[PDB]
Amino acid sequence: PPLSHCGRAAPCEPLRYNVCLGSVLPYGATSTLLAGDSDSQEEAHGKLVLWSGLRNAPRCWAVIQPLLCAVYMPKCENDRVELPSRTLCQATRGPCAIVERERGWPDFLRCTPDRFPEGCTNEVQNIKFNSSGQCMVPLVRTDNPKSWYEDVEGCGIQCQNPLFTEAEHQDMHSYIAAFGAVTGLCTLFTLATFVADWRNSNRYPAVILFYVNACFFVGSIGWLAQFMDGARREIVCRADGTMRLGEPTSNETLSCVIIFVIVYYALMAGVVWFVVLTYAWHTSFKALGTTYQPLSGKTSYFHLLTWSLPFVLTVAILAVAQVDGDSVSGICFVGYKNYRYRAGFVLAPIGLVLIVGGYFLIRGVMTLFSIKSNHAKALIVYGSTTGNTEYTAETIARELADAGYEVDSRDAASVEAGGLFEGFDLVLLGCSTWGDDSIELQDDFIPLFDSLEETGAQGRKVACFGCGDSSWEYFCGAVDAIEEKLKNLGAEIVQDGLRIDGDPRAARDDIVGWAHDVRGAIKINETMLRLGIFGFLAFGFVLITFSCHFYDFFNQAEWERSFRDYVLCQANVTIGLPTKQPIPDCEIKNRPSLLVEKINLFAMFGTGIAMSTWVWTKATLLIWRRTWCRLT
């Protein structure tokens, strides 16, 4: 028999509607007493149309359907209305959290033991509700609870990024394919020539560039993996069809974490190897100049920090499980869902490598500049009858002085040969050619030339100059004669002698140009100069990468808000009221800049392409020549 507490006294009225939310009712009489907002059957039906807006977020729709029928259209028999049980009310509370977040549970729909008593026959339990509901365009029906997006239980955020169009996806994928393929090809070539000359190329100053290339090559594979037949969807989408978030996760393939490790580890190992490059260039200077020695046996110290620090970071990300997948970039990365993790694991280490790496580039430049000031003394000895070589000597003297040299210009007529060149870094000898039948040096240079053995030319950096006339046999013969004696004594001829035809005043810029080139030939370690250009080149690209990561960090807080606001509005679970126009009324107020990402990738992949040019010398042609030759 029915319980007295499971029923309430109310006047029974015949059912004007034979259907409740698509399901037929076994009874013929109802009551508008249980629904506090409705007075009539026409009003209760009107409220059900507003409540049917919860079709979206179906895991709520399945439990809210019988409860709404048990309150708005209940069973009335012999002036008694059937009350809905407490279990029917409590079943909605969880999955229908959206109600309390949007509209709020009304007085009559809250689980009060007075309104919803314990252990009552629901009547709606016998009634079968076939209707399931569906998920709106941005979302997708997922059975997996781990794939449910916020409030909307039963639905999940789709794999393809809803903020960017298919056209933008195709455009970004073409951009990664182009840069990835070039960087992959270029670095492969560099790794190949290094192993083809492995015993010789293992020398510590240049071996850094092999490992710098190794990282960008491995990184290229991670970015290009998305291009294999259907790989992108194995890396970015979950088994059901929703985007991968908060990776490493249970009951899902490793395809996302594998590609993340390849991309992030190689990115971090590469930036640590850049700091090794900056340190090495900086320390190689003080090995010759002052006291510091080459660390050509630091294999167990450089490989220690370059392979350990990215390992600690990669392991830490998998621990906090912040590996998120993305369709536009086609890779799994740290902090796509939560911007804070991308800032902590990417922006902070890149900032640390720029300050530590930048310090070494500044230090080495300061060492380069201090060495040049200790090698800036120059002696200019000239032999001139008519003053043409005297004028050239003076013109050379100002160009060196303007460049930071301490020039000492002397006339050969007023000099003593014994120990003349002692205390000078550069010695420039100038002499005009005389003699009709033959080559005769200018009269004042003869005593110096004859006793050139006593000057201290052995190992001295020298260059010759002089004035002559083409209208004479043996043009600038003095320059030839001086260059020959200096070469025989052991001097280091810096440049081919400046031979002036005619009036030197008209060849002013030739003299200025020669003196410019003569300082240019003063080598401050050619083998180490390349290491410095590559250091400053890598810094430039790393600085652009940092800027782009800073833009995303400083703005993603607003983009995440806009992502939430758009997806939740598009979910169409407007329980409260019907819109003025059918109009969708959903827009993205602000989204991430794809240009900034393209600038980021250009700077990233560009470092790999820039560092691969380390092996773009004549020596490399010779390396593969021996290989082919010796293979044959």
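A residue's number is simply how far along the shown sequence it sits, counting from 1.
**Student:** I need to verify one thing: averaged over C-alpha atoms only, is the B-factor higher for 283-291 or for 257-265?
**Tutor:** It is 283-291 that shows the higher mean C-alpha B-factor.
**Student:** I need to verify one thing: averaged over C-alpha atoms only, is the B-factor higher for 100-108 or for 119-127?
**Tutor:** The recorded data point to 119-127.
**Student:** In this PDB entry, which of 113, 404, 419, 468 has the top CA B-factor?
**Tutor:** Among 113, 404, 419, 468, the highest C-alpha B-factor in the entry belongs to 113.
**Student:** Pick out which of 301, 311, 216, 434 has the highest C-alpha B-factor in the PDB entry.
**Tutor:** Answer, based on the entry's C-alpha B-factors: 301.
**Student:** If you rank the chain by CA B-factor, which third does residue 598 end up in: lowest, middle or highest?
**Tutor:** As the PDB entry reports it, the C-alpha B-factor of residue 598 lands in the lowest third of its chain.
**Student:** Give the position of residue 610 by CA B-factor within its chain, expressed as the lowest, middle or highest third.
**Tutor:** Lowest third, going by the recorded CA B-factors of the chain.
**Student:** Please place residue 550 in the lowest, middle or highest third of its chain according to the CA B-factor in the PDB entry.
**Tutor:** Ranked within chain, residue 550 CA B lands in the middle tercile.
**Student:** Using the temperature factors of the C-alpha atoms in this entry, rank residue 203 within its chain: lowest, middle or highest third.
**Tutor:** According to the entry, residue 203 has a C-alpha B-factor in the chain's middle third.
**Student:** What third of the chain does residue 532 rank in for C-alpha temperature factor, lowest, middle or highest?
**Tutor:** It falls in the middle third of the chain.
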